[PDB]
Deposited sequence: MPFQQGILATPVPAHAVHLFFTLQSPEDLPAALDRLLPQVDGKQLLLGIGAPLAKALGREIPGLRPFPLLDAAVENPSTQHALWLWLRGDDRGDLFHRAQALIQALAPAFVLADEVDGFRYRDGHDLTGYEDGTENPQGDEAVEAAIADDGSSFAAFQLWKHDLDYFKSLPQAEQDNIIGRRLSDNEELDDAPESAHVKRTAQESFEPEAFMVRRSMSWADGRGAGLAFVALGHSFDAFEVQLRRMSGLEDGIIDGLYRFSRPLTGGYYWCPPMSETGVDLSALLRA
(Lines of atoms letter the chains of each structure in order from A and count residues from 1; the text may use other names and numbers.)
(Lines give C-alpha, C1' and ligand atoms only; values in the text may rest on other atoms or scores of the structure.)
Protein backbone atom coordinates (compact mmCIF):
# COMPACT_ATOMS: atom_id res chain seq x y z
CA UNK A 1 0.00 0.00 0.00
CA UNK A 2 0.95 3.67 -0.31
CA UNK A 3 2.99 4.04 2.88
CA UNK A 4 2.00 7.68 3.43
CA UNK A 5 -1.50 6.54 4.39
CA UNK A 6 -0.25 5.31 7.78
CA UNK A 7 3.34 6.58 8.02
CA UNK A 8 4.11 8.82 11.00
CA UNK A 9 5.13 11.46 11.98
CA UNK A 10 2.81 13.40 9.68
CA UNK A 11 4.70 16.23 7.93
CA UNK A 12 3.75 19.74 8.98
CA UNK A 13 2.10 20.63 5.65
CA UNK A 14 -0.08 19.02 3.01
CA UNK A 15 -1.56 20.15 -0.30
CA UNK A 16 -4.72 18.37 -1.45
CA UNK A 17 -5.50 18.79 -5.15
CA UNK A 18 -8.72 17.62 -6.79
CA UNK A 19 -9.15 17.38 -10.55
CA UNK A 20 -12.05 17.14 -12.99
CA UNK A 21 -11.61 15.06 -16.15
CA UNK A 22 -12.42 17.41 -19.04
CA UNK A 23 -10.52 15.86 -22.00
CA UNK A 24 -10.54 12.04 -21.87
CA UNK A 25 -8.59 11.82 -25.14
CA UNK A 26 -5.56 13.42 -23.44
CA UNK A 27 -5.67 11.11 -20.40
CA UNK A 28 -2.86 8.70 -21.46
CA UNK A 29 -0.22 11.44 -21.73
CA UNK A 30 -1.34 12.88 -18.38
CA UNK A 31 -1.03 9.49 -16.66
CA UNK A 32 2.33 8.88 -18.35
CA UNK A 33 3.62 12.07 -16.70
CA UNK A 34 1.88 11.59 -13.34
CA UNK A 35 2.26 7.93 -12.37
CA UNK A 36 6.11 7.69 -12.24
CA UNK A 37 5.96 10.53 -9.68
CA UNK A 38 3.54 8.76 -7.31
CA UNK A 39 5.68 7.28 -4.53
CA UNK A 40 2.90 6.86 -1.97
CA UNK A 41 4.92 8.90 0.56
CA UNK A 42 5.36 12.54 -0.51
CA UNK A 43 2.80 12.19 -3.32
CA UNK A 44 -0.28 10.01 -2.84
CA UNK A 45 -2.94 9.28 -5.44
CA UNK A 46 -6.68 8.72 -5.23
CA UNK A 47 -9.13 7.78 -7.96
CA UNK A 48 -12.73 8.96 -8.03
CA UNK A 49 -15.80 7.25 -9.43
CA UNK A 50 -16.12 9.66 -12.43
CA UNK A 51 -12.71 8.59 -13.74
CA UNK A 52 -13.62 4.90 -13.48
CA UNK A 53 -16.97 5.68 -15.11
CA UNK A 54 -15.18 7.53 -17.92
CA UNK A 55 -13.06 4.46 -18.71
CA UNK A 56 -15.97 2.00 -18.49
CA UNK A 57 -14.24 0.29 -15.56
CA UNK A 58 -15.89 -0.76 -12.30
CA UNK A 59 -13.43 -0.63 -9.39
CA UNK A 60 -14.59 -2.95 -6.57
CA UNK A 61 -15.50 -0.84 -3.55
CA UNK A 62 -15.40 2.48 -5.42
CA UNK A 63 -18.51 4.66 -5.50
CA UNK A 64 -19.30 8.39 -5.27
CA UNK A 65 -19.57 10.17 -1.96
CA UNK A 66 -23.13 9.33 -0.89
CA UNK A 67 -26.24 11.49 -0.64
CA UNK A 68 -27.52 11.53 2.95
CA UNK A 69 -31.14 12.74 3.07
CA UNK A 70 -30.85 14.05 6.62
CA UNK A 71 -31.63 17.13 8.69
CA UNK A 72 -27.95 18.13 8.37
CA UNK A 73 -25.95 18.81 5.22
CA UNK A 74 -23.15 16.56 3.94
CA UNK A 75 -22.55 17.70 0.36
CA UNK A 76 -21.33 15.35 -2.35
CA UNK A 77 -18.66 17.07 -4.44
CA UNK A 78 -17.08 14.04 -6.10
CA UNK A 79 -14.10 14.63 -8.40
CA UNK A 80 -12.13 12.35 -10.71
CA UNK A 81 -8.64 12.43 -9.18
CA UNK A 82 -7.04 13.33 -5.85
CA UNK A 83 -3.40 14.26 -5.27
CA UNK A 84 -2.14 14.36 -1.67
CA UNK A 85 1.22 16.11 -1.32
CA UNK A 86 3.11 15.81 1.97
CA UNK A 87 6.15 17.76 3.12
CA UNK A 88 7.60 20.09 5.73
CA UNK A 89 8.18 23.14 3.48
CA UNK A 90 4.99 24.94 2.47
CA UNK A 91 6.65 26.81 -0.40
CA UNK A 92 8.10 23.64 -1.91
CA UNK A 93 4.67 21.98 -1.83
CA UNK A 94 3.08 24.82 -3.80
CA UNK A 95 5.72 24.64 -6.55
CA UNK A 96 5.39 20.85 -6.65
CA UNK A 97 1.61 21.31 -6.85
CA UNK A 98 1.88 23.79 -9.75
CA UNK A 99 4.09 21.41 -11.75
CA UNK A 100 1.64 18.56 -11.14
CA UNK A 101 -1.37 20.70 -12.11
CA UNK A 102 0.29 21.63 -15.40
CA UNK A 103 1.43 18.03 -15.88
CA UNK A 104 -2.18 16.82 -15.74
CA UNK A 105 -3.57 19.31 -18.26
CA UNK A 106 -5.29 19.37 -20.72
CA UNK A 107 -6.73 16.04 -19.54
CA UNK A 108 -7.67 17.31 -16.07
CA UNK A 109 -8.62 20.74 -14.76
CA UNK A 110 -8.09 21.71 -11.12
CA UNK A 111 -11.45 21.70 -9.34
CA UNK A 112 -10.45 22.24 -5.70
CA UNK A 113 -7.39 22.75 -3.51
CA UNK A 114 -6.94 22.52 0.26
CA UNK A 115 -3.73 23.59 2.01
CA UNK A 116 -3.45 21.68 5.27
CA UNK A 117 -1.18 22.41 8.22
CA UNK A 118 -0.61 20.64 11.53
CA UNK A 119 -9.16 23.62 20.32
CA UNK A 120 -9.55 19.93 21.11
CA UNK A 121 -7.23 16.99 20.38
CA UNK A 122 -8.46 15.75 17.02
CA UNK A 123 -7.22 12.47 15.57
CA UNK A 124 -6.31 10.50 18.68
CA UNK A 125 -7.80 7.01 19.30
CA UNK A 126 -6.66 6.07 15.79
CA UNK A 127 -5.75 2.38 15.38
CA UNK A 128 -2.01 1.78 15.63
CA UNK A 129 0.52 -0.71 14.33
CA UNK A 130 -0.93 -3.78 12.66
CA UNK A 131 -4.44 -2.68 13.66
CA UNK A 132 -4.03 0.49 11.59
CA UNK A 133 -3.10 -1.62 8.55
CA UNK A 134 -6.11 -3.87 9.19
CA UNK A 135 -8.48 -0.92 9.58
CA UNK A 136 -7.28 1.13 6.60
CA UNK A 137 -5.78 -1.24 3.99
CA UNK A 138 -7.70 -3.77 1.90
CA UNK A 139 -6.21 -7.18 1.10
CA UNK A 140 -4.82 -6.02 -2.26
CA UNK A 141 -3.11 -3.02 -0.66
CA UNK A 142 -5.80 -0.53 -1.66
CA UNK A 143 -7.35 2.02 0.67
CA UNK A 144 -10.63 3.91 0.44
CA UNK A 145 -10.49 7.53 1.61
CA UNK A 146 -13.36 9.87 2.47
CA UNK A 147 -12.54 13.58 2.34
CA UNK A 148 -14.59 16.38 3.92
CA UNK A 149 -13.59 20.03 4.28
CA UNK A 150 -15.24 21.02 7.57
CA UNK A 151 -15.71 24.72 8.36
CA UNK A 152 -15.92 25.80 12.00
CA UNK A 153 -17.62 28.70 13.77
CA UNK A 154 -15.26 28.91 16.75
CA UNK A 155 -16.85 32.23 17.78
CA UNK A 156 -20.04 30.33 18.59
CA UNK A 157 -18.32 27.27 20.06
CA UNK A 158 -16.05 29.16 22.47
CA UNK A 159 -18.96 31.44 23.41
CA UNK A 160 -20.66 28.44 25.01
CA UNK A 161 -19.88 27.61 28.65
CA UNK A 162 -17.09 25.06 28.96
CA UNK A 163 -19.59 22.45 30.18
CA UNK A 164 -21.61 22.72 26.96
CA UNK A 165 -18.45 22.70 24.82
CA UNK A 166 -17.37 19.45 26.49
CA UNK A 167 -20.87 18.02 26.07
CA UNK A 168 -20.65 18.62 22.31
CA UNK A 169 -17.36 16.75 21.92
CA UNK A 170 -17.84 14.32 24.80
CA UNK A 171 -14.47 14.90 26.48
CA UNK A 172 -12.99 17.48 28.83
CA UNK A 173 -10.94 20.24 27.23
CA UNK A 174 -8.64 20.32 30.27
CA UNK A 175 -7.29 16.75 30.18
CA UNK A 176 -9.11 15.05 27.25
CA UNK A 177 -10.93 12.80 29.72
CA UNK A 178 -13.87 10.86 28.31
CA UNK A 179 -17.31 11.82 29.67
CA UNK A 180 -19.49 8.78 30.36
CA UNK A 181 -22.49 10.92 31.36
CA UNK A 182 -22.17 12.91 28.13
CA UNK A 183 -25.32 13.07 25.98
CA UNK A 184 -25.74 10.57 23.16
CA UNK A 185 -25.31 13.51 20.75
CA UNK A 186 -21.71 13.99 21.91
CA UNK A 187 -19.27 13.48 19.05
CA UNK A 188 -17.19 10.67 20.58
CA UNK A 189 -20.42 8.88 21.48
CA UNK A 190 -21.68 9.17 17.90
CA UNK A 191 -18.38 7.91 16.45
CA UNK A 192 -17.56 5.20 19.02
CA UNK A 193 -15.88 2.75 16.65
CA UNK A 194 -16.70 -0.18 18.95
CA UNK A 195 -20.40 0.76 19.19
CA UNK A 196 -21.32 -0.39 15.66
CA UNK A 197 -22.53 -3.97 15.21
CA UNK A 198 -19.85 -4.50 12.55
CA UNK A 199 -17.14 -2.46 14.25
CA UNK A 200 -16.40 0.73 12.33
CA UNK A 201 -12.67 1.34 12.81
CA UNK A 202 -10.92 3.76 10.45
CA UNK A 203 -7.64 5.67 10.32
CA UNK A 204 -8.10 9.45 10.49
CA UNK A 205 -5.43 11.76 9.02
CA UNK A 206 -6.90 15.25 9.37
CA UNK A 207 -5.24 18.66 9.12
CA UNK A 208 -6.21 22.25 9.84
CA UNK A 209 -6.95 24.64 6.99
CA UNK A 210 -7.68 28.34 6.54
CA UNK A 211 -8.41 30.38 3.42
CA UNK A 212 -11.16 32.59 1.98
CA UNK A 213 -13.73 29.85 2.62
CA UNK A 214 -13.16 30.08 6.39
CA UNK A 215 -11.25 27.84 8.77
CA UNK A 216 -11.63 24.35 10.17
CA UNK A 217 -10.62 20.71 9.75
CA UNK A 218 -9.69 18.93 6.52
CA UNK A 219 -11.11 15.55 7.50
CA UNK A 220 -9.60 12.42 5.94
CA UNK A 221 -10.84 8.93 6.88
CA UNK A 222 -9.05 5.92 5.39
CA UNK A 223 -10.49 2.41 5.56
CA UNK A 224 -10.27 -0.96 3.88
CA UNK A 225 -13.69 0.07 2.57
CA UNK A 226 -15.96 3.11 2.83
CA UNK A 227 -18.35 1.28 5.18
CA UNK A 228 -16.80 2.48 8.45
CA UNK A 229 -16.89 6.16 7.48
CA UNK A 230 -20.37 5.89 5.99
CA UNK A 231 -22.09 4.18 8.92
CA UNK A 232 -20.46 6.71 11.26
CA UNK A 233 -21.53 9.67 9.11
CA UNK A 234 -25.08 8.32 8.87
CA UNK A 235 -25.30 8.04 12.67
CA UNK A 236 -23.82 11.53 13.06
CA UNK A 237 -26.48 12.78 10.64
CA UNK A 238 -29.35 11.38 12.73
CA UNK A 239 -30.24 8.66 10.21
CA UNK A 240 -29.85 5.88 12.80
CA UNK A 241 -31.80 7.14 15.83
CA UNK A 242 -32.81 10.71 14.97
CA UNK A 243 -30.02 12.04 17.23
CA UNK A 244 -27.68 14.44 15.43
CA UNK A 245 -24.01 14.86 16.30
CA UNK A 246 -23.33 18.01 18.32
CA UNK A 247 -20.53 18.89 15.88
CA UNK A 248 -23.15 20.12 13.39
CA UNK A 249 -24.13 22.87 15.85
CA UNK A 250 -20.91 24.80 15.11
CA UNK A 251 -19.32 23.04 12.11
CA UNK A 252 -20.38 21.82 8.69
CA UNK A 253 -18.67 20.10 5.75
CA UNK A 254 -18.29 22.19 2.60
CA UNK A 255 -17.10 19.29 0.40
CA UNK A 256 -17.35 15.52 0.21
CA UNK A 257 -15.46 12.93 -1.81
CA UNK A 258 -14.69 9.21 -2.03
CA UNK A 259 -11.37 8.10 -3.50
CA UNK A 260 -9.78 4.72 -4.15
CA UNK A 261 -6.09 4.82 -3.22
CA UNK A 262 -4.49 2.15 -5.46
CA UNK A 263 -1.87 -0.26 -4.10
CA UNK A 264 1.86 0.07 -4.64
CA UNK A 265 3.94 -2.49 -6.47
CA UNK A 266 7.64 -2.87 -5.75
CA UNK A 267 8.27 -0.50 -8.68
CA UNK A 268 5.50 2.09 -8.29
CA UNK A 269 1.78 2.69 -8.03
CA UNK A 270 -0.43 -0.12 -9.38
CA UNK A 271 -3.39 1.08 -11.47
CA UNK A 272 -3.85 -2.23 -13.33
CA UNK A 273 -7.37 -2.52 -11.90
CA UNK A 274 -8.28 0.66 -13.82
CA UNK A 275 -5.91 0.48 -16.82
CA UNK A 276 -5.33 -2.62 -18.96
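Mapping the modelled residues onto the deposited sequence reveals missing stretches at 1-2, 121-128, 287.
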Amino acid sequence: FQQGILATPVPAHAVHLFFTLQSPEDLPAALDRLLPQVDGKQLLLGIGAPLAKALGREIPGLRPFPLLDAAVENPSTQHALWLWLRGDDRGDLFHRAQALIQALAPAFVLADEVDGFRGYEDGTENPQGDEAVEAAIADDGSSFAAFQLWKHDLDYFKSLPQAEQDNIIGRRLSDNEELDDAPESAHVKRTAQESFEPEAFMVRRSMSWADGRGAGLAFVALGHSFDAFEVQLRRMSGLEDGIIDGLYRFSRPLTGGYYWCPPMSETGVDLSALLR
From here on, numbers count along this sequence of modelled residues.
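For the segment pair 84-92 and 178-186, the entry gives 178-186 the higher mean B-factor, averaged over Cα atoms.
According to the PDB record, 163-171 carries the higher mean C-alpha B-factor of the two stretches 144-152 and 163-171.
When the C-alpha B-factors of 193, 74, 206, 78 are read from the PDB record, the largest value belongs to 193. Listed residues 227, 32, 39, 241 were ranked by CA B-factor as deposited; 32 comes out on top.
In the deposited entry, the Cα temperature factor of residue 21 places it in the middle third of its chain's modelled residues.
Looking at the C-alpha B-factors along this chain, the one for residue 28 belongs to the highest third.
When the CA B factors of the chain's modelled residues are split into thirds, the value for residue 249 lands in the middle one. Among all modelled residues in its chain, residue 197 ranks in the highest third by Cα B-factor. When the CA B factors of the chain's modelled residues are split into thirds, the value for residue 99 lands in the highest one.
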